[PDB]
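For reference, the chain that follows is the form deposited in one PDB entry, supplied as structure tokens.
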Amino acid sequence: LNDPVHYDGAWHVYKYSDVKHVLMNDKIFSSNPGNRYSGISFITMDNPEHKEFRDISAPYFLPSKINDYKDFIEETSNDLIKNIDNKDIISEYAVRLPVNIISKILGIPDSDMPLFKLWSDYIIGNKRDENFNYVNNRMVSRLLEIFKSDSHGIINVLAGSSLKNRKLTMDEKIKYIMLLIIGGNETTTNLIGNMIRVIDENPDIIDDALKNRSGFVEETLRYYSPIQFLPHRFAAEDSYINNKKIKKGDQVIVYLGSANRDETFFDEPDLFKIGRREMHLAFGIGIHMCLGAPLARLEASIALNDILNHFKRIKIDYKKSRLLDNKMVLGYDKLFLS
């Protein structure tokens, strides 16, 4: 891999130790600009205000609390995989799974599920229409009603929340929920398609995958990282990487996929090996390390198990399947088997 280069108004950072240095130094490399370049809610906040925001939901994302959702995710995954044969695995299984799970965790009522899913599609970007304005207005309306009833989910927690000498705004509550929906959907959908791609490419991996689902999910994260780069870091003060001065104000783009293929940290980076020792950076690292990582881990793990037990043979049909076009992420636009 390359030392940091500057072009198109940003530094590009590729090496694993440099990606990590940047992400671990939140006070040197900030998460929001000096102004306007557009990330919502606490993802774009710096360390102090950010912790206040993240703590509101942090306890409910511990692998401990998340695990109470295991039977629900199994039930859901099974319902959708039952009868998927011959269909688009992305739109009929991989998109639908994370959106069901997240509505359960949020506390979206049963009777609001159809509209939540339409709104969710618009908002993560899976849909674009005239209907947007209408559907957003309809969903936000329901949202306000839910905030004032109660459940055990996040909506209810955001209702009873403040942090440090100040109540949460209603725009903050919506954006908070929006950040959960947007950061957990496409990424989980992309991972599911990327695990299917590993299987397609390494057909005798299957037995080992079954014996260590976690391990297989970890190596996919490393090897076909759903998120390829994070474009939004800005130097809060001058500092040096590989003897280059990164000046205050400079945008710093950090490449996770590329860092996850660094031969300095991974022996034989271009091979798929379950049970590697070093941590991958697919979920980032530091104070912004993925809030949904335990949930994502548990969803992928059940998805793998279910996909592996449903099909005998897994060949991707490349005359109908296509990779997404966006360079920032990695996944299938559509995926058809066999």
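We number the residues from 1 along the sequence you see. Take the two forms, superpose them, and find the largest set of C-alpha atoms that agree within 1.5 Å; that set is the rigid core.
The following text describes the form deposited in another entry, which does not appear among the structures shown.
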| query | finding |
| --- | --- |
| Core-superposed comparison between this form and the one not shown - Cα displaced by 2 angstroms or more, from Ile90, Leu143, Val217, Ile246 | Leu143 |
| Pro109 C-alpha relocation of at least 2 Å between this form and the one not shown, rigid core basis | yes |
| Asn202 C-alpha relocation of at least 2 Å between this form and the one not shown, rigid core basis | no |
| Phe265: Cα shift of 2 Å or greater between this form and the one not shown (core-aligned) | no |
| Comparison of CA distance in that other deposited form with shown form for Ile123, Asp325, at least 3 Å | closer |
| Direction of C-alpha distance change in that other deposited form, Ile124 to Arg96 (at least 3 Å) | farther |
